[PDB]
Structures are given as structure tokens and as C-alpha cells.
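1. partial complex follows, first chain(s) only, in situ:
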Amino acid sequence: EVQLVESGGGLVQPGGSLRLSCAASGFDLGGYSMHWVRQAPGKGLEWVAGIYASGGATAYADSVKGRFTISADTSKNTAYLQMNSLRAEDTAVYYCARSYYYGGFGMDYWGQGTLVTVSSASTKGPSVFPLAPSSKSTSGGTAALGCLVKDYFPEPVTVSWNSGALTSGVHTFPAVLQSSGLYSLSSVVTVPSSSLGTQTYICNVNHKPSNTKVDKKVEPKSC
């Protein structure tokens, strides 16, 4: 079972440095070339750098030439990518992969990938606001309700409905980067209008980077 595991990802300010590691198991780096491929949110794949483990020869993409440096260690059987003078354009999910020889072959095994965010903004906790179901909702129809997460910068966020009890008719939209530099997304669910008064609905939001976990209940306005 060949395996490639990434590490060293995180949050860094513009112009900073970050070292990504890629540990390999189930095979020897010898005779292989380790590559780093990055993918910006909702965009294509872009090759960055590559290295022949045995000889030590390296190759870089024009966009990151000079700033990034790729290395490898045969005893540790791991590959590294030092990233200096980072820019906002470099924010992306970084994967490490392997290929046989200097070229001509595909990438057999990829790591799961690590997210790298480059922003001047600081890590902030999410603000949770309810989205109550409209009072004027048809009885035969099904009223919709939801939770809104605003102003959290570190992208990773998880949401659940009733501690995982509601797994049907739920739609959690992807986050959007605001002009302020903080992220904001919303999650919604469609439930029958009759069960609005009877049942109780809770959105559970977890922000691992800032270590902020909260829950909020949704109820009609009534006024």
C-alpha cells in the first residue's frame, strides 16, 4: 500500500514563508520524481515544481521560479517544498505526487492535499445569524430555514444539522470571499410547514482554526 501524506500547511501573511512536507510510505523515492501540483479554489490544476530524488535535479514553473525551492531526503524518504515570498495569488490546495523517471509517465499516487492561505487578514471566529422560515408559508408546501455564518477568515468550516440527525434536503453552499477579506457562507434546509411549531431545529457550526464551536436554534418571527 503506497501512501503519500502532506503536512506543514497553514496560514501565512503575504511575503511570508512556509515549508510543506510530503512523507512517502510503501516505496522508495529512488528512481522516481516527486512533483508539487497546486489547485486554486474552483480553478484548474497547475504544476509548480518537481525533483528527481536520486540525482537531485530540479525543475520549476515560470510563475514561481526563484521564490519556491524543492528538495528531497532519501533516508527520511520524504519530499519538501519551501515557499518564500508568498503572494495572495499562491493561495491554493497543494498536492504532492510521484512519477517514474524524469518524464513520460503519469502521477500514480497523490496525497490528500493541504490548504495554504495567503492573506493579511487575521484568524477570526465566525458570527452565526439565523434565517427563520417565513411566517406566510403555504401549508401544503414546505417552508425553508437556515443558518448564516459570516466573518470567519480561515477557510475550513464544518456545519451540521441537529448533531447529524437531518441529512436530507440540506444544502450547504460554498463560502465566498468578502471585500473585507473574511469568508461568509450559509446553510439551509427544507422541512414540512406542519412540523415547524412541533420540532426544534439547530445549526451546529465548528471552526477548527480558531477553535470556535457554537450552536444556534431557528424559530419563526411571529412578531
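-> Everything's here; your move. Numbers count the residues shown, from 1 in each chain, chains lettered A, B, ... in the order given.

2. so what's the residue count around the residue nearest to residue A:174 when sequence neighbours are not counted?
-> Closest residue to residue A:174 apart from its sequence neighbours, by CB to CB, 6 or more residues apart in numbering: residue A:185 at 6.4 Å. All C-beta atoms are positioned from the backbone trio N, CA, C, and that covers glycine. The number of residues packed near residue A:185 is 19, by other CB atoms under 10 Å.

3. can you pull the contacts of residue A:185?
-> Residue A:185 is in contact with A:148-149, A:157, A:172-176, counting by CB atoms under 8 Å, 6 or more residues apart in numbering.

4. switch to 6 Å and redo it
-> Residues near residue A:185 by CB atoms under 6 Å, 6 or more residues apart in numbering: A:149, A:173, A:175.

5. name the element the first one belongs to?
-> The secondary structure element spanning residue A:149 is strand A:144-152 (assigned by DSSP states H and E).

6. and that strand, what does it pack against?
-> Contacts defined by 3 or more CB pairs under 6 Å, 6 or more residues apart in numbering; DSSP states H and E place strand A:144-152 against strand A:127-131, strand A:183-190, strand A:201-207.

7. can you lay out those strands as CSV showing distance to residue A:41?
-> Shown next, in CSV, are the helices and strands packed on strand A:144-152 (distance: least, CB to CB, whole Å):
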stretch, distance to residue A:41
strand A:127-131, 22
strand A:183-190, 11
strand A:201-207, 18
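
8. one more, chain B:
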Amino acid sequence: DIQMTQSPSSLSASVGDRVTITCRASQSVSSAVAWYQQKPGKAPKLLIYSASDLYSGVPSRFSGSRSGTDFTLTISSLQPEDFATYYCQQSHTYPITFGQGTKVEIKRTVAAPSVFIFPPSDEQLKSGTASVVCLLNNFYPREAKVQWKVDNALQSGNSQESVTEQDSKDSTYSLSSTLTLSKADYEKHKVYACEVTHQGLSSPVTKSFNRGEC
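-> One more chain to add, chain B, which I have set with the ones above:
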């Protein structure tokens, strides 16, 4: 420094169909092309290498062909797991370059969007900013237009929308458009409406609400 032009950019087809995807290289690359598949939130999975060589543990329906400098990836019959994005990649001349990408979506009958409007919470008003949300869920095709109208006046520059991926079971899209503005500017107007234009709609829908009423 070779450029790989991939077509089609997007493709919609039904289960059991035969699909073809093409990648043309700027220069000759011998047979150093490879084809990968990527699903949301997952690393790319290698499908084909050296143009026409199957990878271990990969369904036999996937095939690869090379005619001159044109490369082709073919699916004999589609299966629900084959709905994902597909890339081509060349490893002939460095820097290695991927294709633009080809998204494959499950075809579905036209459906109209269920549209809802959510006013800003009072807890948010305490902070000083008001966010109005407009949700339109369970519709197909992806193409849709959302227009924010405040007292029948179009609002531009303060709206942001996001779209979900096709539902596992519904096979339909959903969209959420948020309009954020300061409490002072929010209190200046009284009517807030979210006009929606879709292919599967005779006329534009217009869910709205009035500030200070429930």
C-alpha cells in the same frame, strides 16, 4: 513550454452514454499524455498514462487514443460514479501543463427553482450590518440570474452568490445570493426584493419583503 487545449469545457450526458473528450497539444509530445479524474474535495485519481495505457484498478470502460498530436479519452458506458471533472496532462516538455478541465454533469429534466427570501436578523442589526439572503434551490440547468431590487431600483456592487454541486439524489442545483449593507443604508429603504430569472420559468419570480413588518 507546451499548451494543452481541452474540449469540451462542460458536458451534460445521461447514464449509459458514450463520452469523448479531446486534448490537442501545441507541439508534438510523442505519447506522454495522461488523463486524471477529480471529484469534489478529493485528490486527482490517475486514469490513463502514456496516451493509451490503462492504470491498475481502473474500470475497463476508460480508453485512450492518440492521432498525431490530438489525444482522446473515451468512456464506453457511463456509470453514476463517472460524474466528475476530467483533466489531461503532458509530461513531455517541462514545465508540465494540464488541460483547462472538462466537467461532466448528469442530465436532468428542466426544473423550476423554489425561491425564498430571508430578512436580516435583529442580532445582526445590533452589530450595525444587515444581510438579506435569497435562496433558490432544486433547479436545473445551472444557468440562472438573480437581481436585487430595493424599492424597484437595481442594487449593484454589494451582492455575492454561491452555487452548490449537483445533489447526490436530486441531481439538481441550488444557489444562494447574499446582499449585505450597513444598518444606516438598510433603514433608508422599505422594500427589498429578489427577482429571479430561470430557463424553466414563464416569467421572472419576485419574492420580496418590507422592513418593519413580519
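
9. and the nearest residue to residue A:174, now that chain B is in?
-> Spatial nearest neighbour of residue A:174, excluding adjacent residues (CB to CB, 6 or more residues apart in numbering or on different chains): residue B:162 at 4.9 Å.

10. count the neighbours of the one you found for me.
-> Neighbourhood size, residue B:162 [other CB atoms under 10 Å in any protein chain shown]: 17.

11. returning to that earlier point: what's the helix or strand just after the strand holding residue A:149 in contact with?
-> Per DSSP H and E, strand A:144-152 leads on to strand A:158-161 as the next helix or strand towards the C-terminus. Strand A:158-161 has contacts (CB atoms under 6 Å, 6 or more residues apart in numbering or on different chains) with A:170, A:172, A:187, A:189, A:204-206.

12. max pairwise distance over those: which two?
-> A:189 and A:206 (17.3 Å; CB to CB).

13. for the most centrally placed residue in chain B, helix, strand, or coil?
-> Note on chain B: the residue nearest the mean C-alpha position is residue B:165, at 6.4 Å, using CA atoms, centre = their mean. Judged by DSSP: H, G, I helix; E, B strand; the rest coil, the three-state class of residue B:165 is coil.

14. not counting sequence-adjacent ones, nearest residue to it?
-> Excluding the flanking residues, the one nearest residue B:165 by CB to CB, 6+ apart is residue B:40, at 5.7 Å.

15. for that neighbour, give me phi and psi.
-> Per-residue torsions, residue B:40: phi -60, psi 130 (degrees, to the nearest 10).

16. okay, chain C goes in next:
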Amino acid sequence: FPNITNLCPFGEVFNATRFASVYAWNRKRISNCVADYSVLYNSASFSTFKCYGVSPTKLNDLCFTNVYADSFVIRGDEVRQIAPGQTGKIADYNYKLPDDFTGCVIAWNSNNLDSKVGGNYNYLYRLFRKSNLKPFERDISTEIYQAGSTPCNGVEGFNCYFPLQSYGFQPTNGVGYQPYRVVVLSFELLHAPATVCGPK
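-> That brings us to chain C, laid onto the chains above:
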């Protein structure tokens, strides 16, 4: 007719100890002899036995000017390329059959003969080439393949690849990637004495 009764050396080819690499496929000329083709098919110990331009079923009645037995090793997945009008690394860069091919193509698995613990790297194939191969052409050159604009000066590296690469004939491999021995019988018919014939 030959006017002499000398069995042809087919055992030398099919039962040879070691086979050649597909990039340098071996070829044995066969003339001035007689041999029973149908014995091969009857043996039925082969996995692929496809003939183009002639019926395989007991067609020893025919006599040919010369015969050619071409032998090499490839993967199982690649066997499908050893036929007329096919494309692939093997067909393009290693061993090409003409579209007007009259002959037979025989292939059998050899995992026990051509596998070694930790891999057998004795069987190579050509991976890079500027142009496709003409039919029945052989290229044994080992010159470094220059892919970039810069010259290579005979050194291995990025954009400077050694043209031949080794098969990963692991013993734990799938059938598609297991070694397979291939013999291609070509029947050269010309306006010349028939030096090869069938029995009797």
C-alpha cells in the same frame, strides 16, 4: 515444391530459453524445410492465435517462398496492438505490422518464465520517438531524446530522456501487466522457388 524433407526449426523459436525485447525484436528466417502448422493450433497452449489473410484451420496445403518468425516480449494489455492498423506505444515506436499483412500472430503468458522476485528489468521498450515506425522496421538506437529546445549533450535529465524504459515485470502483477511472449509468422509469397511447404 522443395523436393527435400527436412522439418523446420520451430522449436528453436517458440521454446527458446530467452526472448528479445520488443524494441529489438528478433527475427528468424525459415526456408528449405517443411513443417506442420496445424500442430501449433492443435496444441492449444496459446492465449492468442489470430491469423489475417489466411484461414488457420489446418491450412498446411499452401507453400510460400520464405517464412519469418518474429519473437519478443510485451505486456498482456499490449497484445492487442500486434495486429494490422493498430496504434499505441508498441505499434508506433517498436513493432509495426503492415495494413496488407498476411500472416499469423501467436501470444502466450510467460509469468513463470519472465518474472523475478523484486522485478525483472531485462525487458525494455521504446517510449520516445520523433516519428512513427514503418512496417517491419527495427530501431535499436540509444541516443538521448531531446524534448526541449535546449540541447542535451548526451546527459539524462528533464527534457532529456533515455528513449528505452524497462517493464515492471513484478510477479504480483495483474494479467494486463504480466509478461507475454509473442511470435509473428509472416508468409513471404513471391515469384521465386517455394522453399517452405506443408507436409507430404
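
17. again for the neighbour count of residue A:185, since chain C is there now?
-> 22.

18. what of the one 5 residues further on?
-> Residue neighbour count, defined by other CB under 10 Å, stands at 20 for residue A:190.

19. with adjacent residues omitted, what lies nearest to it?
-> residue A:169 (4.5 Å).

20. pretty sure the one you found contacts residue A:191?
-> No: in this structure, residue A:169 is not within contact of residue A:191 by CB atoms under 6 Å, at 7.2 Å.

21. would you mind listing what in chain C touches chain B?
-> Residues of chain C lying close to chain B (CB under 6 Å from any CB of the partner chain) are C:88-89, C:128, C:147-148, C:158-159, C:174.

22. make it 8 Å
-> For chain C, the residues found near chain B under the criterion CB under 8 Å from any CB of the partner chain are C:77, C:87-89, C:92-93, C:127-130, C:147-148, C:158-159, C:174, C:176-177.

23. which of those come close to chain A?
-> Near chain A, taking CB under 8 Å from any CB as the test, the members of these found are C:127-128, C:147, C:158-159.

24. most neighbours, which of the residues you listed?
-> residue C:147 (25 neighbours).

25. outline the domain layout of the chain.
-> Chain wasn't specified; assuming chain A. In terms of domains, chain A is parsed into A:3-118, A:127-218 (source: curated CATH domains).

26. try again with chain B
-> B:4-106, B:114-210.
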